[PDB]
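Chemist: As input, take work21.pdb (PDB, C-alpha atoms):
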ATOM      1  CA  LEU A 269     127.160  10.730  93.917  1.00  0.00           C
ATOM      2  CA  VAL A 270     130.160  12.513  92.374  1.00  0.00           C
ATOM      3  CA  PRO A 271     132.720  14.922  93.897  1.00  0.00           C
ATOM      4  CA  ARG A 272     132.422  18.508  92.671  1.00  0.00           C
ATOM      5  CA  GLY A 273     134.528  21.052  94.507  1.00  0.00           C
ATOM      6  CA  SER A 274     133.910  20.823  98.250  1.00  0.00           C
ATOM      7  CA  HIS A 275     130.479  19.243  97.821  1.00  0.00           C
ATOM      8  CA  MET A 276     128.673  16.187  96.463  1.00  0.00           C
ATOM      9  CA  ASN A 277     126.588  16.333  93.297  1.00  0.00           C
ATOM     10  CA  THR A 278     123.890  13.801  92.427  1.00  0.00           C
ATOM     11  CA  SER A 279     121.650  13.071  89.456  1.00  0.00           C
ATOM     12  CA  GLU A 280     118.656  12.931  91.789  1.00  0.00           C
ATOM     13  CA  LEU A 281     118.259  16.708  92.116  1.00  0.00           C
ATOM     14  CA  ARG A 282     118.100  18.595  88.837  1.00  0.00           C
ATOM     15  CA  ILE A 283     117.240  22.074  87.612  1.00  0.00           C
ATOM     16  CA  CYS A 284     115.442  21.965  84.256  1.00  0.00           C
ATOM     17  CA  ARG A 285     115.757  25.727  83.706  1.00  0.00           C
ATOM     18  CA  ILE A 286     115.563  29.235  85.152  1.00  0.00           C
ATOM     19  CA  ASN A 287     112.877  31.625  83.862  1.00  0.00           C
ATOM     20  CA  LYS A 288     115.394  34.461  83.395  1.00  0.00           C
ATOM     21  CA  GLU A 289     119.067  33.856  82.611  1.00  0.00           C
ATOM     22  CA  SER A 290     120.275  37.202  83.942  1.00  0.00           C
ATOM     23  CA  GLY A 291     119.420  39.994  86.350  1.00  0.00           C
ATOM     24  CA  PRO A 292     120.868  42.869  88.442  1.00  0.00           C
ATOM     25  CA  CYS A 293     123.912  42.186  90.596  1.00  0.00           C
ATOM     26  CA  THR A 294     121.839  43.985  93.230  1.00  0.00           C
ATOM     27  CA  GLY A 295     119.819  40.848  93.865  1.00  0.00           C
ATOM     28  CA  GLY A 296     116.512  40.786  95.703  1.00  0.00           C
ATOM     29  CA  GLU A 297     115.021  39.893  92.327  1.00  0.00           C
ATOM     30  CA  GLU A 298     112.168  37.378  92.092  1.00  0.00           C
ATOM     31  CA  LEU A 299     112.712  34.401  89.794  1.00  0.00           C
ATOM     32  CA  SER A 300     111.455  30.860  89.467  1.00  0.00           C
ATOM     33  CA  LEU A 301     112.949  27.634  88.212  1.00  0.00           C
ATOM     34  CA  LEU A 302     111.686  24.217  87.192  1.00  0.00           C
ATOM     35  CA  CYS A 303     113.213  21.110  88.708  1.00  0.00           C
ATOM     36  CA  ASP A 304     112.653  17.384  89.165  1.00  0.00           C
ATOM     37  CA  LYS A 305     111.549  15.801  92.442  1.00  0.00           C
ATOM     38  CA  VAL A 306     112.611  17.874  95.458  1.00  0.00           C
ATOM     39  CA  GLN A 307     111.212  17.839  98.987  1.00  0.00           C
ATOM     40  CA  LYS A 308     109.978  21.369  99.729  1.00  0.00           C
ATOM     41  CA  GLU A 309     110.998  21.082 103.385  1.00  0.00           C
ATOM     42  CA  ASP A 310     114.452  19.856 102.434  1.00  0.00           C
ATOM     43  CA  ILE A 311     115.716  21.983  99.554  1.00  0.00           C
ATOM     44  CA  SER A 312     117.595  25.227  98.778  1.00  0.00           C
ATOM     45  CA  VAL A 313     118.888  27.258  95.856  1.00  0.00           C
ATOM     46  CA  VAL A 314     122.510  28.380  95.765  1.00  0.00           C
ATOM     47  CA  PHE A 315     124.407  30.918  93.654  1.00  0.00           C
ATOM     48  CA  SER A 316     128.175  30.533  93.532  1.00  0.00           C
ATOM     49  CA  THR A 317     131.561  30.958  91.892  1.00  0.00           C
ATOM     50  CA  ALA A 318     134.767  29.192  92.929  1.00  0.00           C
ATOM     51  CA  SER A 319     135.224  31.492  95.923  1.00  0.00           C
ATOM     52  CA  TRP A 320     131.771  32.991  96.608  1.00  0.00           C
ATOM     53  CA  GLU A 321     128.402  31.601  97.598  1.00  0.00           C
ATOM     54  CA  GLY A 322     124.994  33.185  98.021  1.00  0.00           C
ATOM     55  CA  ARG A 323     121.648  31.613  98.891  1.00  0.00           C
ATOM     56  CA  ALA A 324     118.304  32.439  97.347  1.00  0.00           C
ATOM     57  CA  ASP A 325     115.427  33.168  99.716  1.00  0.00           C
ATOM     58  CA  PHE A 326     112.109  31.285  99.585  1.00  0.00           C
ATOM     59  CA  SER A 327     109.785  29.135 101.703  1.00  0.00           C
ATOM     60  CA  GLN A 328     108.034  25.770 101.482  1.00  0.00           C
ATOM     61  CA  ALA A 329     105.077  27.794 100.239  1.00  0.00           C
ATOM     62  CA  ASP A 330     107.200  28.864  97.269  1.00  0.00           C
ATOM     63  CA  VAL A 331     107.776  25.301  96.054  1.00  0.00           C
ATOM     64  CA  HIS A 332     104.898  24.660  93.646  1.00  0.00           C
ATOM     65  CA  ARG A 333     103.848  21.283  92.307  1.00  0.00           C
ATOM     66  CA  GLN A 334     102.316  21.796  88.859  1.00  0.00           C
ATOM     67  CA  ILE A 335     101.439  20.143  85.562  1.00  0.00           C
ATOM     68  CA  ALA A 336     102.380  21.353  82.097  1.00  0.00           C
ATOM     69  CA  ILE A 337     100.732  20.196  78.875  1.00  0.00           C
ATOM     70  CA  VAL A 338     102.624  20.774  75.639  1.00  0.00           C
ATOM     71  CA  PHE A 339     100.348  20.676  72.601  1.00  0.00           C
ATOM     72  CA  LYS A 340      99.527  21.731  69.033  1.00  0.00           C
ATOM     73  CA  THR A 341      96.704  24.243  68.645  1.00  0.00           C
ATOM     74  CA  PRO A 342      93.873  23.417  66.265  1.00  0.00           C
ATOM     75  CA  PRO A 343      93.288  25.795  63.368  1.00  0.00           C
ATOM     76  CA  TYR A 344      90.450  28.294  63.710  1.00  0.00           C
ATOM     77  CA  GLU A 345      87.204  27.768  61.802  1.00  0.00           C
ATOM     78  CA  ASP A 346      87.831  30.756  59.541  1.00  0.00           C
ATOM     79  CA  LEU A 347      91.318  31.184  58.091  1.00  0.00           C
ATOM     80  CA  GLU A 348      90.385  34.366  56.249  1.00  0.00           C
ATOM     81  CA  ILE A 349      89.722  36.464  59.340  1.00  0.00           C
ATOM     82  CA  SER A 350      90.995  40.020  58.939  1.00  0.00           C
ATOM     83  CA  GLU A 351      90.637  40.915  62.599  1.00  0.00           C
ATOM     84  CA  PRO A 352      91.862  39.228  65.815  1.00  0.00           C
ATOM     85  CA  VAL A 353      89.339  36.715  67.161  1.00  0.00           C
ATOM     86  CA  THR A 354      89.657  35.661  70.790  1.00  0.00           C
ATOM     87  CA  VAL A 355      88.098  32.307  71.704  1.00  0.00           C
ATOM     88  CA  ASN A 356      87.862  30.065  74.796  1.00  0.00           C
ATOM     89  CA  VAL A 357      90.347  27.399  75.874  1.00  0.00           C
ATOM     90  CA  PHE A 358      89.395  24.792  78.463  1.00  0.00           C
ATOM     91  CA  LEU A 359      90.170  21.334  79.787  1.00  0.00           C
ATOM     92  CA  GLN A 360      87.794  18.432  79.451  1.00  0.00           C
ATOM     93  CA  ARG A 361      88.034  15.023  81.049  1.00  0.00           C
ATOM     94  CA  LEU A 362      87.340  12.283  78.509  1.00  0.00           C
ATOM     95  CA  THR A 363      85.606   9.771  80.800  1.00  0.00           C
ATOM     96  CA  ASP A 364      82.875  11.980  82.271  1.00  0.00           C
ATOM     97  CA  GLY A 365      83.162  14.940  79.875  1.00  0.00           C
ATOM     98  CA  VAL A 366      83.493  17.415  82.737  1.00  0.00           C
ATOM     99  CA  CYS A 367      85.261  20.684  81.854  1.00  0.00           C
ATOM    100  CA  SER A 368      87.263  23.442  83.505  1.00  0.00           C
ATOM    101  CA  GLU A 369      86.510  27.158  83.400  1.00  0.00           C
ATOM    102  CA  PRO A 370      87.787  28.687  80.164  1.00  0.00           C
ATOM    103  CA  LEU A 371      90.770  30.939  79.585  1.00  0.00           C
ATOM    104  CA  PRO A 372      91.006  33.325  76.636  1.00  0.00           C
ATOM    105  CA  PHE A 373      93.238  32.795  73.629  1.00  0.00           C
ATOM    106  CA  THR A 374      93.071  34.965  70.559  1.00  0.00           C
ATOM    107  CA  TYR A 375      93.687  33.733  67.041  1.00  0.00           C
ATOM    108  CA  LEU A 376      95.624  36.136  64.807  1.00  0.00           C
ATOM    109  CA  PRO A 377      95.100  36.806  61.067  1.00  0.00           C
ATOM    110  CA  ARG A 378      97.412  35.299  58.431  1.00  0.00           C
TER     111      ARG A 378
ATOM    112  CA  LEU B 269      79.439  20.735  88.970  1.00  0.00           C
ATOM    113  CA  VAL B 270      77.774  23.686  87.215  1.00  0.00           C
ATOM    114  CA  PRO B 271      75.960  23.923  83.849  1.00  0.00           C
ATOM    115  CA  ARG B 272      77.827  25.905  81.197  1.00  0.00           C
ATOM    116  CA  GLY B 273      76.391  25.736  77.705  1.00  0.00           C
ATOM    117  CA  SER B 274      75.924  22.117  76.644  1.00  0.00           C
ATOM    118  CA  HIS B 275      78.545  20.823  79.074  1.00  0.00           C
ATOM    119  CA  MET B 276      79.407  20.532  82.765  1.00  0.00           C
ATOM    120  CA  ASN B 277      82.128  22.640  84.360  1.00  0.00           C
ATOM    121  CA  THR B 278      83.858  21.738  87.622  1.00  0.00           C
ATOM    122  CA  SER B 279      86.353  23.374  89.962  1.00  0.00           C
ATOM    123  CA  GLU B 280      88.407  20.179  89.952  1.00  0.00           C
ATOM    124  CA  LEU B 281      90.043  20.795  86.565  1.00  0.00           C
ATOM    125  CA  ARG B 282      91.688  24.182  86.170  1.00  0.00           C
ATOM    126  CA  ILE B 283      94.022  25.931  83.753  1.00  0.00           C
ATOM    127  CA  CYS B 284      96.440  28.241  85.576  1.00  0.00           C
ATOM    128  CA  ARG B 285      97.651  29.890  82.356  1.00  0.00           C
ATOM    129  CA  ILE B 286      98.726  29.509  78.732  1.00  0.00           C
ATOM    130  CA  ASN B 287     102.324  30.354  77.768  1.00  0.00           C
ATOM    131  CA  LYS B 288     101.202  32.466  74.788  1.00  0.00           C
ATOM    132  CA  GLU B 289      97.881  34.319  74.703  1.00  0.00           C
ATOM    133  CA  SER B 290      97.667  34.500  70.916  1.00  0.00           C
ATOM    134  CA  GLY B 291      98.837  32.825  67.729  1.00  0.00           C
ATOM    135  CA  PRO B 292      98.046  32.283  64.012  1.00  0.00           C
ATOM    136  CA  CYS B 293      94.525  31.272  63.038  1.00  0.00           C
ATOM    137  CA  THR B 294      96.374  28.680  60.956  1.00  0.00           C
ATOM    138  CA  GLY B 295      96.899  26.514  64.015  1.00  0.00           C
ATOM    139  CA  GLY B 296      99.387  23.669  64.202  1.00  0.00           C
ATOM    140  CA  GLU B 297     101.252  25.890  66.654  1.00  0.00           C
ATOM    141  CA  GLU B 298     102.969  24.371  69.699  1.00  0.00           C
ATOM    142  CA  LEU B 299     101.983  25.785  73.085  1.00  0.00           C
ATOM    143  CA  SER B 300     101.919  24.639  76.678  1.00  0.00           C
ATOM    144  CA  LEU B 301      99.730  25.397  79.652  1.00  0.00           C
ATOM    145  CA  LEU B 302      99.890  24.899  83.399  1.00  0.00           C
ATOM    146  CA  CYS B 303      97.017  23.236  85.206  1.00  0.00           C
ATOM    147  CA  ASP B 304      96.063  21.591  88.491  1.00  0.00           C
ATOM    148  CA  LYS B 305      95.662  17.835  88.933  1.00  0.00           C
ATOM    149  CA  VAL B 306      94.698  16.109  85.675  1.00  0.00           C
ATOM    150  CA  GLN B 307      95.056  12.453  84.718  1.00  0.00           C
ATOM    151  CA  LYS B 308      97.251  12.329  81.602  1.00  0.00           C
ATOM    152  CA  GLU B 309      95.314   9.361  80.214  1.00  0.00           C
ATOM    153  CA  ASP B 310      92.007  11.112  80.800  1.00  0.00           C
ATOM    154  CA  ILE B 311      92.361  14.723  79.682  1.00  0.00           C
ATOM    155  CA  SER B 312      92.036  16.993  76.617  1.00  0.00           C
ATOM    156  CA  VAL B 313      92.340  20.626  75.594  1.00  0.00           C
ATOM    157  CA  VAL B 314      89.513  22.324  73.720  1.00  0.00           C
ATOM    158  CA  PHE B 315      89.253  25.593  71.786  1.00  0.00           C
ATOM    159  CA  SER B 316      85.759  26.952  71.229  1.00  0.00           C
ATOM    160  CA  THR B 317      83.282  29.751  70.623  1.00  0.00           C
ATOM    161  CA  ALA B 318      79.505  29.492  70.997  1.00  0.00           C
ATOM    162  CA  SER B 319      79.172  27.630  67.698  1.00  0.00           C
ATOM    163  CA  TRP B 320      82.642  26.193  66.969  1.00  0.00           C
ATOM    164  CA  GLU B 321      84.919  23.711  68.677  1.00  0.00           C
ATOM    165  CA  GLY B 322      88.446  22.547  67.961  1.00  0.00           C
ATOM    166  CA  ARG B 323      90.667  20.130  69.870  1.00  0.00           C
ATOM    167  CA  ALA B 324      94.357  20.529  70.561  1.00  0.00           C
ATOM    168  CA  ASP B 325      96.609  17.586  69.734  1.00  0.00           C
ATOM    169  CA  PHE B 326      98.945  15.983  72.294  1.00  0.00           C
ATOM    170  CA  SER B 327      99.727  12.662  73.987  1.00  0.00           C
ATOM    171  CA  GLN B 328     100.143  11.292  77.506  1.00  0.00           C
ATOM    172  CA  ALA B 329     103.841  11.897  76.918  1.00  0.00           C
ATOM    173  CA  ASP B 330     103.064  15.603  76.561  1.00  0.00           C
ATOM    174  CA  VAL B 331     101.568  15.901  80.050  1.00  0.00           C
ATOM    175  CA  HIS B 332     104.528  16.831  82.257  1.00  0.00           C
ATOM    176  CA  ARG B 333     104.590  16.705  86.036  1.00  0.00           C
ATOM    177  CA  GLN B 334     107.017  19.366  87.273  1.00  0.00           C
ATOM    178  CA  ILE B 335     108.037  21.526  90.217  1.00  0.00           C
ATOM    179  CA  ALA B 336     108.497  25.287  90.219  1.00  0.00           C
ATOM    180  CA  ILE B 337     110.370  27.240  92.887  1.00  0.00           C
ATOM    181  CA  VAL B 338     109.690  30.964  93.126  1.00  0.00           C
ATOM    182  CA  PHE B 339     112.462  32.822  94.937  1.00  0.00           C
ATOM    183  CA  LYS B 340     114.475  35.996  95.559  1.00  0.00           C
ATOM    184  CA  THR B 341     118.015  36.023  94.178  1.00  0.00           C
ATOM    185  CA  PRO B 342     120.858  36.893  96.529  1.00  0.00           C
ATOM    186  CA  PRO B 343     122.967  39.922  95.658  1.00  0.00           C
ATOM    187  CA  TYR B 344     126.331  39.291  94.015  1.00  0.00           C
ATOM    188  CA  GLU B 345     129.537  39.674  96.023  1.00  0.00           C
ATOM    189  CA  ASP B 346     130.618  42.744  94.063  1.00  0.00           C
ATOM    190  CA  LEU B 347     128.003  45.411  93.358  1.00  0.00           C
ATOM    191  CA  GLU B 348     130.450  47.600  91.458  1.00  0.00           C
ATOM    192  CA  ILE B 349     131.026  45.192  88.583  1.00  0.00           C
ATOM    193  CA  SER B 350     131.264  46.997  85.249  1.00  0.00           C
ATOM    194  CA  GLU B 351     130.989  43.858  83.152  1.00  0.00           C
ATOM    195  CA  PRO B 352     128.474  40.966  83.126  1.00  0.00           C
ATOM    196  CA  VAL B 353     129.497  38.160  85.485  1.00  0.00           C
ATOM    197  CA  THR B 354     127.921  34.750  84.966  1.00  0.00           C
ATOM    198  CA  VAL B 355     127.884  32.442  87.997  1.00  0.00           C
ATOM    199  CA  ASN B 356     126.512  28.980  88.878  1.00  0.00           C
ATOM    200  CA  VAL B 357     123.048  28.174  90.219  1.00  0.00           C
ATOM    201  CA  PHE B 358     122.315  24.801  91.796  1.00  0.00           C
ATOM    202  CA  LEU B 359     120.040  22.939  94.178  1.00  0.00           C
ATOM    203  CA  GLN B 360     121.213  21.575  97.486  1.00  0.00           C
ATOM    204  CA  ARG B 361     119.368  19.290  99.855  1.00  0.00           C
ATOM    205  CA  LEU B 362     119.642  20.540 103.433  1.00  0.00           C
ATOM    206  CA  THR B 363     119.720  17.177 105.234  1.00  0.00           C
ATOM    207  CA  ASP B 364     122.600  15.497 103.395  1.00  0.00           C
ATOM    208  CA  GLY B 365     124.010  18.558 101.597  1.00  0.00           C
ATOM    209  CA  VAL B 366     123.886  16.816  98.223  1.00  0.00           C
ATOM    210  CA  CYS B 367     123.697  19.149  95.203  1.00  0.00           C
ATOM    211  CA  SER B 368     122.478  19.167  91.619  1.00  0.00           C
ATOM    212  CA  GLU B 369     124.519  20.023  88.539  1.00  0.00           C
ATOM    213  CA  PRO B 370     124.735  23.790  88.086  1.00  0.00           C
ATOM    214  CA  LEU B 371     123.012  26.007  85.552  1.00  0.00           C
ATOM    215  CA  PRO B 372     124.400  29.382  84.488  1.00  0.00           C
ATOM    216  CA  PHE B 373     122.959  32.716  85.542  1.00  0.00           C
ATOM    217  CA  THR B 374     124.661  35.993  84.816  1.00  0.00           C
ATOM    218  CA  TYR B 375     124.547  39.005  87.095  1.00  0.00           C
ATOM    219  CA  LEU B 376     124.233  42.360  85.318  1.00  0.00           C
ATOM    220  CA  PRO B 377     125.884  45.688  86.273  1.00  0.00           C
ATOM    221  CA  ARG B 378     123.925  48.448  88.035  1.00  0.00           C
TER     222      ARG B 378
END
Please rewrite the model in this file as structure tokens.

Modeler:
Amino acid sequence: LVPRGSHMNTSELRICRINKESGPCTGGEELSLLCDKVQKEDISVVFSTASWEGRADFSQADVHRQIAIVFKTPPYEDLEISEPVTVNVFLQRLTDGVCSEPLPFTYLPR
Amino acid sequence: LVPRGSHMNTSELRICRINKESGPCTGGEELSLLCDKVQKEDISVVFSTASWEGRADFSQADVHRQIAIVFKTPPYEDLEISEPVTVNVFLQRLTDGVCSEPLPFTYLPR
């Protein structure tokens, strides 16, 4: 817990990043951010300068728990394709081999 | 559990979306996807067509648990700004009022 202006900052709460770094001063714009552990029923997002403060609007229903997988794509079978080829991408559990529905991903020519 | 080709699909595992919908047939490209509950030590990502199959490469360390907050930005104090104004964006817990470090976000003129 460290003093910052009139409030108390902590290393517990943390914003990893905001999807868009700018937008209209008009507001009312829909954005999303990624953060570490927060309790949906006990959290808020604030916009401020030294003298002004504005709160974003959202609900517990807008706090989404998700999972991201960063990975390297495998190369396509044919490297000499001259036209875009769109394949299937899906998840598979190793233990029982069960899979998820697929999602399209299209390989592009060299 | 439903039959799909030579494997078994389930509604348990699910890919919400892939950050990029296309890329070089060369592969080796780094991507990331969002999915529902998966066990990092028991999961994989597969690329395939009816006759071909390729696996993405990643580790347990590449399976990130995160939280996304979708929200509406508040309008800036001054709507008649003629130059970009970049403010602070931070999280604040309602119960104890503790905040997170800020991240920049710049409001744009009308």

Chemist: What would you get as a short mmCIF file (atom, residue, chain, number, x, y, z; two decimals) with C-alpha atoms, in the coordinates of the input if chain A were moved onto chain B by least squares over all of its C-alpha atoms in order?

Modeler:
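Generated file (superposed-v8.cif):
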data_model
loop_
_atom_site.label_atom_id
_atom_site.label_comp_id
_atom_site.auth_asym_id
_atom_site.auth_seq_id
_atom_site.Cartn_x
_atom_site.Cartn_y
_atom_site.Cartn_z
CA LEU A 269 79.44 20.74 88.97
CA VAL A 270 77.77 23.69 87.22
CA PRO A 271 75.96 23.92 83.85
CA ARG A 272 77.83 25.90 81.20
CA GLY A 273 76.39 25.74 77.71
CA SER A 274 75.92 22.12 76.64
CA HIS A 275 78.54 20.82 79.07
CA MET A 276 79.41 20.53 82.76
CA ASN A 277 82.13 22.64 84.36
CA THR A 278 83.86 21.74 87.62
CA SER A 279 86.35 23.37 89.96
CA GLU A 280 88.41 20.18 89.95
CA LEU A 281 90.04 20.80 86.57
CA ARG A 282 91.69 24.18 86.17
CA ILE A 283 94.02 25.93 83.75
CA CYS A 284 96.44 28.24 85.58
CA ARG A 285 97.65 29.89 82.36
CA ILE A 286 98.73 29.51 78.73
CA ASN A 287 102.32 30.35 77.77
CA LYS A 288 101.20 32.47 74.79
CA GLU A 289 97.88 34.32 74.70
CA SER A 290 97.67 34.50 70.92
CA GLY A 291 98.84 32.82 67.73
CA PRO A 292 98.05 32.28 64.01
CA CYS A 293 94.52 31.27 63.04
CA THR A 294 96.37 28.68 60.96
CA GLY A 295 96.90 26.51 64.02
CA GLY A 296 99.39 23.67 64.20
CA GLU A 297 101.25 25.89 66.65
CA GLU A 298 102.97 24.37 69.70
CA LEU A 299 101.98 25.79 73.09
CA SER A 300 101.92 24.64 76.68
CA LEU A 301 99.73 25.40 79.65
CA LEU A 302 99.89 24.90 83.40
CA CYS A 303 97.02 23.24 85.21
CA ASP A 304 96.06 21.59 88.49
CA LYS A 305 95.66 17.83 88.93
CA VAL A 306 94.70 16.11 85.68
CA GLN A 307 95.06 12.45 84.72
CA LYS A 308 97.25 12.33 81.60
CA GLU A 309 95.31 9.36 80.21
CA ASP A 310 92.01 11.11 80.80
CA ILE A 311 92.36 14.72 79.68
CA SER A 312 92.04 16.99 76.62
CA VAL A 313 92.34 20.63 75.59
CA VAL A 314 89.51 22.32 73.72
CA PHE A 315 89.25 25.59 71.79
CA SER A 316 85.76 26.95 71.23
CA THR A 317 83.28 29.75 70.62
CA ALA A 318 79.51 29.49 71.00
CA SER A 319 79.17 27.63 67.70
CA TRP A 320 82.64 26.19 66.97
CA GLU A 321 84.92 23.71 68.68
CA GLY A 322 88.45 22.55 67.96
CA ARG A 323 90.67 20.13 69.87
CA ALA A 324 94.36 20.53 70.56
CA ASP A 325 96.61 17.59 69.73
CA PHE A 326 98.95 15.98 72.29
CA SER A 327 99.73 12.66 73.99
CA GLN A 328 100.14 11.29 77.51
CA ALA A 329 103.84 11.90 76.92
CA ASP A 330 103.06 15.60 76.56
CA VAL A 331 101.57 15.90 80.05
CA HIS A 332 104.53 16.83 82.26
CA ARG A 333 104.59 16.71 86.04
CA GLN A 334 107.02 19.37 87.27
CA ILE A 335 108.04 21.53 90.22
CA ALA A 336 108.50 25.29 90.22
CA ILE A 337 110.37 27.24 92.89
CA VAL A 338 109.69 30.96 93.13
CA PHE A 339 112.46 32.82 94.94
CA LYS A 340 114.48 36.00 95.56
CA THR A 341 118.01 36.02 94.18
CA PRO A 342 120.86 36.89 96.53
CA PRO A 343 122.97 39.92 95.66
CA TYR A 344 126.33 39.29 94.02
CA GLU A 345 129.54 39.67 96.02
CA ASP A 346 130.62 42.74 94.06
CA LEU A 347 128.00 45.41 93.36
CA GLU A 348 130.45 47.60 91.46
CA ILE A 349 131.03 45.19 88.58
CA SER A 350 131.26 47.00 85.25
CA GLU A 351 130.99 43.86 83.15
CA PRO A 352 128.47 40.97 83.13
CA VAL A 353 129.50 38.16 85.49
CA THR A 354 127.92 34.75 84.97
CA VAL A 355 127.88 32.44 88.00
CA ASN A 356 126.51 28.98 88.88
CA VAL A 357 123.05 28.17 90.22
CA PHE A 358 122.31 24.80 91.80
CA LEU A 359 120.04 22.94 94.18
CA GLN A 360 121.21 21.57 97.49
CA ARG A 361 119.37 19.29 99.85
CA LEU A 362 119.64 20.54 103.43
CA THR A 363 119.72 17.18 105.23
CA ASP A 364 122.60 15.50 103.39
CA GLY A 365 124.01 18.56 101.60
CA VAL A 366 123.89 16.82 98.22
CA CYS A 367 123.70 19.15 95.20
CA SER A 368 122.48 19.17 91.62
CA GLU A 369 124.52 20.02 88.54
CA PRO A 370 124.74 23.79 88.09
CA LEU A 371 123.01 26.01 85.55
CA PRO A 372 124.40 29.38 84.49
CA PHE A 373 122.96 32.72 85.54
CA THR A 374 124.66 35.99 84.82
CA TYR A 375 124.55 39.00 87.09
CA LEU A 376 124.23 42.36 85.32
CA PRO A 377 125.88 45.69 86.27
CA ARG A 378 123.93 48.45 88.03
#

Chemist: Which residues match the PyMOL selection byres ((chain A and resi 313) around 10) in the file above, as a PDB file with C-alpha atoms, in the coordinates of the input?

Modeler:
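Saved file part-v4.pdb follows:
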ATOM      1  CA  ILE A 283     117.240  22.074  87.612  1.00  0.00           C
ATOM      2  CA  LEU A 301     112.949  27.634  88.212  1.00  0.00           C
ATOM      3  CA  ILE A 311     115.716  21.983  99.554  1.00  0.00           C
ATOM      4  CA  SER A 312     117.595  25.227  98.778  1.00  0.00           C
ATOM      5  CA  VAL A 314     122.510  28.380  95.765  1.00  0.00           C
ATOM      6  CA  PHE A 315     124.407  30.918  93.654  1.00  0.00           C
ATOM      7  CA  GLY A 322     124.994  33.185  98.021  1.00  0.00           C
ATOM      8  CA  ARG A 323     121.648  31.613  98.891  1.00  0.00           C
ATOM      9  CA  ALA A 324     118.304  32.439  97.347  1.00  0.00           C
ATOM     10  CA  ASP A 325     115.427  33.168  99.716  1.00  0.00           C
ATOM     11  CA  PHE A 326     112.109  31.285  99.585  1.00  0.00           C
TER      12      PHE A 326
ATOM     13  CA  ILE B 337     110.370  27.240  92.887  1.00  0.00           C
ATOM     14  CA  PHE B 339     112.462  32.822  94.937  1.00  0.00           C
ATOM     15  CA  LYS B 340     114.475  35.996  95.559  1.00  0.00           C
ATOM     16  CA  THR B 341     118.015  36.023  94.178  1.00  0.00           C
ATOM     17  CA  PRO B 342     120.858  36.893  96.529  1.00  0.00           C
ATOM     18  CA  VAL B 357     123.048  28.174  90.219  1.00  0.00           C
ATOM     19  CA  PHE B 358     122.315  24.801  91.796  1.00  0.00           C
ATOM     20  CA  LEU B 359     120.040  22.939  94.178  1.00  0.00           C
ATOM     21  CA  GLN B 360     121.213  21.575  97.486  1.00  0.00           C
ATOM     22  CA  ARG B 361     119.368  19.290  99.855  1.00  0.00           C
ATOM     23  CA  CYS B 367     123.697  19.149  95.203  1.00  0.00           C
ATOM     24  CA  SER B 368     122.478  19.167  91.619  1.00  0.00           C
TER      25      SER B 368
END

Chemist: May I have the residues at most 12 Å from (117.0, 28.9, 81.8) in the file's coordinates, counting all atoms listed in the file, as a list in words?

Modeler: residues 283, 284, 285, 286, 287, 288, 289, 290, 299, 300, 301, 302 and 303 of chain A; 356, 357, 370, 371, 372, 373 and 374 of chain B

Chemist: Could you check which of B:364, B:296, B:273, B:333 is closest to residue 316 in chain B, using all atoms listed in the file?

Modeler: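 Comparing B:364, B:296, B:273, B:333 against residue 316 in chain B, the winner is B:273.
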
Chemist: Given 5 Å on each side, where is the centre and what are the edge lengths in Å to one decimal of the axis-aligned box enclosing the listed atoms of range 314-328 of chain B, as AutoDock Vina command-line options?

Modeler:
--center_x 89.7 --center_y 20.5 --center_z 72.2 --size_x 31.0 --size_y 28.5 --size_z 20.5

Chemist: Apply the PyMOL selection byres ((chain A and resi 306) around 9) to the file shown and report the selected residues as a PyMOL selection string.

Modeler: (chain A and resi 280-282+303-305+307-311+331) or (chain B and resi 335+361)

Chemist: Using the selection just defined, write its residues with C-alpha atoms as a JSON list (two decimals), keeping the file's coordinate frame.

Modeler:
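That gives us again03.json:
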[["chain", "number", "residue", "atom", "x", "y", "z"],
["A", 280, "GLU", "CA", 118.66, 12.93, 91.79],
["A", 281, "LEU", "CA", 118.26, 16.71, 92.12],
["A", 282, "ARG", "CA", 118.10, 18.60, 88.84],
["A", 303, "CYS", "CA", 113.21, 21.11, 88.71],
["A", 304, "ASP", "CA", 112.65, 17.38, 89.16],
["A", 305, "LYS", "CA", 111.55, 15.80, 92.44],
["A", 307, "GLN", "CA", 111.21, 17.84, 98.99],
["A", 308, "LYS", "CA", 109.98, 21.37, 99.73],
["A", 309, "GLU", "CA", 111.00, 21.08, 103.38],
["A", 310, "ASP", "CA", 114.45, 19.86, 102.43],
["A", 311, "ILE", "CA", 115.72, 21.98, 99.55],
["A", 331, "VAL", "CA", 107.78, 25.30, 96.05],
["B", 335, "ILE", "CA", 108.04, 21.53, 90.22],
["B", 361, "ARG", "CA", 119.37, 19.29, 99.86]]

Chemist: Of the residues B:377, B:295, B:365, B:271, which is the one nearest to residue 348 in chain B, using only C-alpha atoms?

Modeler: B:377

Chemist: Check the smallest atom-to-atom distance from each of A:318, A:354, A:298, A:346 to chain B using all atoms listed in the file, then report the winner.

Modeler: A:298

Chemist: Reconstruct N, CA and C atoms of range 304-308 of chain A; output as an mmCIF file, in the frame of the given file.

Modeler:
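Written out: rebuild-v9.cif:
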data_model
loop_
_atom_site.group_PDB
_atom_site.id
_atom_site.type_symbol
_atom_site.label_atom_id
_atom_site.label_comp_id
_atom_site.auth_asym_id
_atom_site.auth_seq_id
_atom_site.Cartn_x
_atom_site.Cartn_y
_atom_site.Cartn_z
ATOM 1 N N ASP A 304 113.225 18.712 88.998
ATOM 2 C CA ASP A 304 112.653 17.384 89.165
ATOM 3 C C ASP A 304 112.213 17.230 90.618
ATOM 4 N N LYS A 305 111.996 16.001 91.071
ATOM 5 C CA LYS A 305 111.549 15.801 92.442
ATOM 6 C C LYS A 305 112.470 16.350 93.531
ATOM 7 N N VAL A 306 111.919 17.263 94.328
ATOM 8 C CA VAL A 306 112.611 17.874 95.458
ATOM 9 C C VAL A 306 111.608 17.865 96.605
ATOM 10 N N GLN A 307 112.099 17.800 97.833
ATOM 11 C CA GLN A 307 111.212 17.839 98.987
ATOM 12 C C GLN A 307 111.228 19.297 99.451
ATOM 13 N N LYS A 308 110.084 19.965 99.352
ATOM 14 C CA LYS A 308 109.978 21.369 99.729
ATOM 15 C C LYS A 308 110.560 21.725 101.090
#
